[PDB]
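Listed next as structure tokens is one chain, alone, in the form deposited in one PDB entry.
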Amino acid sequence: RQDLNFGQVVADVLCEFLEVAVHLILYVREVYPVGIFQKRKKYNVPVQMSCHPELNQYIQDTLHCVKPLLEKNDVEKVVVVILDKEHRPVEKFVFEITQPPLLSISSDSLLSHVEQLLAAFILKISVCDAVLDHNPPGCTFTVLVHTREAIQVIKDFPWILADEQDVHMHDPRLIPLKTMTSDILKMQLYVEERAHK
């Protein structure tokens, strides 16, 4: 790893992206009904996003807390965890963020080609039911943030350590979806799926 801060512009790009991706994941994995969703133009393309103000504020609050951590390159993973009725995870959408040595050599340029680069992640999420089985009815979600070895930003939006039950998933299928290697970060999106559910 290198140690370079992403800076504000990159942090804000990633948070705006993560917001869209969460909405899209909730839609395609049917965590919430299609009825609370209306299309919005994001990255020059119609993406389904929730019109439910409280769900929206929750996703927004979550990412507002992640943003300063991103700015300082202190985030290793942001994970959208889908939990069944027994609060056991059935699916994880992992956004793994790294900055390997020599990253920037022959890399893409996120800021210059935002829509181009991120739209591919949108496409992959939107068709990922091709490589997953249907989830059980009654699933919920949460967001887990893995911090680097070396967040309570908002009034009345506290964070706590996740429990083992949030994280334990036996025998997971791994499906890589998309990787982006840009000037100052690498982001890999992949899904972990519970074997039988």
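Numbers for residues come from their place in the sequence shown, where the first is 1. Definition used throughout: the rigid core is the maximal C-alpha set that superposes within 1.5 Å between two forms.
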{"property": "At least a third of other PDB entries omit residue 123", "result": "no"}
{"property": "Absent coordinates for residue 104 in a third or more of other compared entries", "result": "yes"}
{"property": "Unresolved deposited residues in the interval that joins residue 150 and residue 151", "result": "4 to 9"}
{"property": "Residue range whose averaged C-alpha B-factor is higher in the record, 182 to 190 or 169 to 177", "result": "169 to 177"}
{"property": "Mean C-alpha temperature factor, higher of 22 to 30 and 153 to 161", "result": "153 to 161"}
{"property": "C-alpha B-factor winner, where the candidates are 80, 123, 97, 90", "result": "90"}
{"property": "CA B-factor placement of residue 46, once the chain's modelled residues are sorted into thirds", "result": "lowest"}
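What follows is about the form deposited in another entry, which we do not show.
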property	result
Rigid-core-referenced C-alpha movement of 2 Å or more between the shown form and the other one, selected from 80, 75, 90, 117	117
Post core alignment: residue 184 C-alpha displaced by 2 Å or more between the shown form and the other one	yes
Cα displacement of residue 42 between the shown form and the other one reaching 2 Å, rigid core superposed	yes
Closer or farther: C-alpha pair residue 17/residue 188 in that other deposited form, relative to this form, given a change of 3 Å or more	farther
Sense of the change in Cα distance from residue 111 to residue 48 in that other deposited form - at least 3 Å versus the shown form	closer
